[PDB]
Structure formats: structure tokens, C-alpha cells
>>> print(open('target.pdb').read())   # PDB, C-alpha atoms
ATOM      1  CA  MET V   1     102.392  79.676  90.585
ATOM      2  CA  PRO V   2     101.357  79.259  86.944
ATOM      3  CA  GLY V   3     100.212  75.630  87.322
ATOM      4  CA  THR V   4      96.497  76.004  86.525
ATOM      5  CA  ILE V   5      96.819  73.611  83.567
ATOM      6  CA  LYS V   6      99.221  71.249  85.378
ATOM      7  CA  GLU V   7      96.264  70.636  87.694
ATOM      8  CA  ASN V   8      93.959  69.712  84.797
ATOM      9  CA  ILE V   9      96.623  67.055  84.113
ATOM     10  CA  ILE V  10      96.302  65.652  87.650
ATOM     11  CA  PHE V  11      92.801  66.763  88.507
ATOM     12  CA  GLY V  12      91.630  64.318  85.819
ATOM     13  CA  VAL V  13      93.747  61.496  87.265
ATOM     14  CA  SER V  14      91.661  62.117  90.405
ATOM     15  CA  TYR V  15      88.194  62.884  88.990
ATOM     16  CA  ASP V  16      88.433  60.082  86.421
ATOM     17  CA  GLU V  17      88.996  58.016  89.575
ATOM     18  CA  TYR V  18      86.022  59.613  91.366
ATOM     19  CA  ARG V  19      83.637  59.264  88.402
ATOM     20  CA  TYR V  20      84.900  55.760  87.544
ATOM     21  CA  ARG V  21      84.040  54.042  90.847
ATOM     22  CA  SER V  22      80.584  55.657  90.777
ATOM     23  CA  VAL V  23      79.443  54.411  87.342
ATOM     24  CA  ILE V  24      81.005  51.010  88.118
ATOM     25  CA  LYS V  25      79.813  51.114  91.752
ATOM     26  CA  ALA V  26      78.575  47.541  92.317
TER      27      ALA V  26
END
>>> encode(input="target.pdb", output="C-alpha cells")
Amino acid sequence: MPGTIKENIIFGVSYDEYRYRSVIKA
């Protein structure tokens, strides 16, 4: 399935959520 890029469009919605709670952790 040619969805490699489609992931970069969701993978960010997840990472941005994993790297956002860390920097703002407490």
C-alpha cells in the first residue's frame, strides 16, 4: 500500500503529541 507519506501526515499527529507532553512535562 503506497501510504508511506500518508503516515507522515498522521505520524506527526502522534509524535507531536509524544514530544509535546515531554517538553511541557510538569
>>> axis_aligned_box(input="target.pdb", around="range 8-26 of chain V", padding_each_side="5 Å", output="AutoDock Vina command-line options")
--center_x 87.6 --center_y 58.6 --center_z 88.2 --size_x 28.0 --size_y 32.2 --size_z 18.2
>>> atom_distance(input="target.pdb", atom1="CA of residue 24 in chain V", atom2="CA of residue 11 in chain V")
19.7 Å
>>> atom_distance(input="target.pdb", atom1="CA of residue 25 in chain V", atom2="CA of residue 9 in chain V")
24.4 Å
